[PDB]
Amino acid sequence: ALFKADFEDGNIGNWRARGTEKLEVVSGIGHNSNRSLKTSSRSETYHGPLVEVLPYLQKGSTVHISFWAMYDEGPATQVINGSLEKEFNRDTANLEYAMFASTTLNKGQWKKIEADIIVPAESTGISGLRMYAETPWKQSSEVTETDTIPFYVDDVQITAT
């Protein structure tokens, strides 16, 4: 148990948007609970809730990340991805991204996204590693309504292996 977010305290914490989207801890919508993190006002596939997690982890280790996600408007099914944003040498202009997991969700039902991930070693110069959720990438030219639907995440956990 290295990191846990259940949002039951109502606090956004260090969770942030990636662009112009809106994040809000809502009540009355949750995974077997009353609170969760809603992301809305998405206008890119890459808009989604993100949190910095490097400080919780040991560089050079393997950890297990999971979370639950739900959407309740738009298409009948939609893919949601779990991804990592990585910063090296404190160079904010040259960020990297990787999908670590993907599942197809049915409208209105909660489902788990999970995978092992590798935390790069110290000698890489890694300086940020942030987990986030999104829909499949993208492209601004081609982004649609179904791609940018609002969605909920809950019960985010990272664990040792």
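The first residue of the sequence shown is number 1, and the count goes up from there.
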Higher average CA B factor in the deposited record is what I'm after, so tell me if that's 120-128 or 22-30. 22-30
Mind pulling up the entry and telling me whether 141-149 or 8-16 has the higher mean Cα temperature factor? 141-149
From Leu54, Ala115, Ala69, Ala93, pick the one with the largest CA B-factor in the entry? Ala93
Just the C-alpha B-factor column, please: which of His64, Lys38, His47, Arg35 has the biggest number? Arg35
By the recorded C-alpha temperature factor, relative to the other modelled residues in its chain, which third is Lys59 in? lowest
CA B-factor ranking of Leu105, expressed as a third of its chain: highest
When the modelled residues of the chain are sorted by Cα temperature factor, does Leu84 land in the lowest, middle or highest third? lowest
